[PDB]
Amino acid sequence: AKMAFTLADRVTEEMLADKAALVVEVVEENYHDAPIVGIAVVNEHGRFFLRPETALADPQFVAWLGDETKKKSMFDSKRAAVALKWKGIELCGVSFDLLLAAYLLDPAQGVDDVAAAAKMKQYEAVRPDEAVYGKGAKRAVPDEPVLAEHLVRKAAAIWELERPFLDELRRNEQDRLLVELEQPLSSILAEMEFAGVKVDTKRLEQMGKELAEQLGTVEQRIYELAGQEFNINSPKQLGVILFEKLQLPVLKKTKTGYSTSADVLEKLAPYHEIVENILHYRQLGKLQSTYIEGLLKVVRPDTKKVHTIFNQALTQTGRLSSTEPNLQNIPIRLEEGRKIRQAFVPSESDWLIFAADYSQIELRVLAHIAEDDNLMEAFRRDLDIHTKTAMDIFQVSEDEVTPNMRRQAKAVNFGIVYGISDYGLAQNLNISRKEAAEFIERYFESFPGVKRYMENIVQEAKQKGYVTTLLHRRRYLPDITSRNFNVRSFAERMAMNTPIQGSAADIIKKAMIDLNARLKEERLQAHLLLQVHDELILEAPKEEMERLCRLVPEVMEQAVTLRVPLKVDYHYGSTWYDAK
């Protein structure tokens, strides 16, 4: 039967106890400047549902929300914190976030609502959000009676689940990871998302106009060389033009038809002039649809800022993800796409963009965890790691390392990090397995400590059932015991890769926490805007650059102490593009 609760018309004192499960419901997936549809509070005095117009206007309730001594347990407190920031209300005292707790216990569960986390502890007296709000075009906020009970049941679940979740985190030695890292980081991400990044829309629009011109020209050139018109963006129609009308060789096949990936086209380029044009068309087309039109779609017209949402509880490695827009994959590798960054500017006049990035943090982390003497010495000498790798695997002096040799050694360092494998490397360097295996073997011959680590971590994953990062993040790998070579191999590569990528994630997250504490102590106006896996982007008055040049790198380099140094490069400029 239904759950008992008071559907209050006004805020009372017992609703303001110093310990409670709190629900500040924001149904819109993108919570920026979004509506709060209801509030539920469960504490020692009972269960309560409050209408937002009432609670959020009540001085006492707002004070309670902002009182750090009044502890609240929630699910996705960042969502509520940001929704409240847009209304000028501060949320403090969140001592437990069920979403983050569940995430740390097992990222693989994909916990995205209270019901999912509750199911982990055999608690099912709460419905999944999707069941209550529906989804897609049919998504909608239910009538008060249905809404109120759902919010109360969620608060009730959080109230009941706090202790068991904290107990397991403690057994896993992950309690500090939640309380001292992820929860404090949650508040920092909330400030970052709320601050947003300023966009020079006029510059973006002009770039868009020129791209349209260039696309038109390349588009026509393509129809000319094809002898007809067709939907270039249709892998099916394109496949017909390339492999049937033009008789280009089929080197790669796709489940549905002909593969037209850039990888394939690159090899087909020598056969026909249409290929290079299709490649150029896709490059510009990607820029136009995603980084110009797509970006312009999410810019707030009143402030000209984009407010991303950092998903802190999604990746299996501990990395953050970014959406609406995704600001972690803005072009940089190719100059034409890199120009897109000229569109991201400081939010205030006479302010500048400051970007700091870790130099090879993953390989440094690997040197530390594997305790490989050669790799540690390489970083202690701050050597060019790819040139050094080439020197060792190809057995030549530094001056004997050719450009192609370094390129291949670089690709090997790529593979060693993401889980070295014949297929992966071979196909990546466009070579054979017999050859790729030879490189790998040569690499392990030069870095025996890394080989030992790879063997040991795999064995450890099979024994314990999971692998861990420097700060105790965990990833379960049940497929590590699969009798299917492919499935088992993937699991083994994750056993190898996760402690590396995951520890690098732990480090930069701590750096963000340490950095914000330093910025505040120094009372600098500088603030974080974005995190891109191994780099931090800030904006600050031009008068703070010299101080940031010393502070940011130091804080990032000292976040943790490894057997090898951590090195941070940095640049600043009038736009993100110039922060190079």
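Take the two forms, find the largest set of C-alpha atoms that superpose within 1.5 Å, and that set is the rigid core. Don't overthink the numbering: it's just position in the shown sequence, from 1.
- Farther on average from this form in 8 other deposited structures of this protein lies stretch 414-422, the comparison being between 414-422 and 297-305 by RMS Cα distance after core superposition.
- Between stretches 458-466 and 251-259, greater average Cα displacement in 8 other deposited structures of this protein relative to the shown form, fitted by the core, falls on 251-259.
- Set 352-360 against 286-294 and average the Cα temperature factors; 286-294 ends up higher.
- Of the two segments examined, 149-157 and 421-429, it is 421-429 that shows the higher average Cα temperature factor in the deposited entry.
- Residues shown: 225, 314, 84, 405. Highest C-alpha temperature factor in the entry: 225.
- Of the residues listed, 92, 125, 218, 370, the entry assigns the biggest Cα temperature factor to 218.
- When the modelled residues of the chain are ordered by their C-alpha B factor, residue 15 lands in the highest third.
- Split the chain's modelled residues into thirds by C-alpha temperature factor. Residue 45 is in the highest one.
- Residue 543: CA B factor lies in the middle third for its chain, per the PDB record.
- Among all modelled residues in its chain, residue 331 ranks in the middle third by Cα B-factor.
- Among the modelled residues of its chain, residue 557 has a C-alpha B-factor that falls in the lowest third according to the deposited record.
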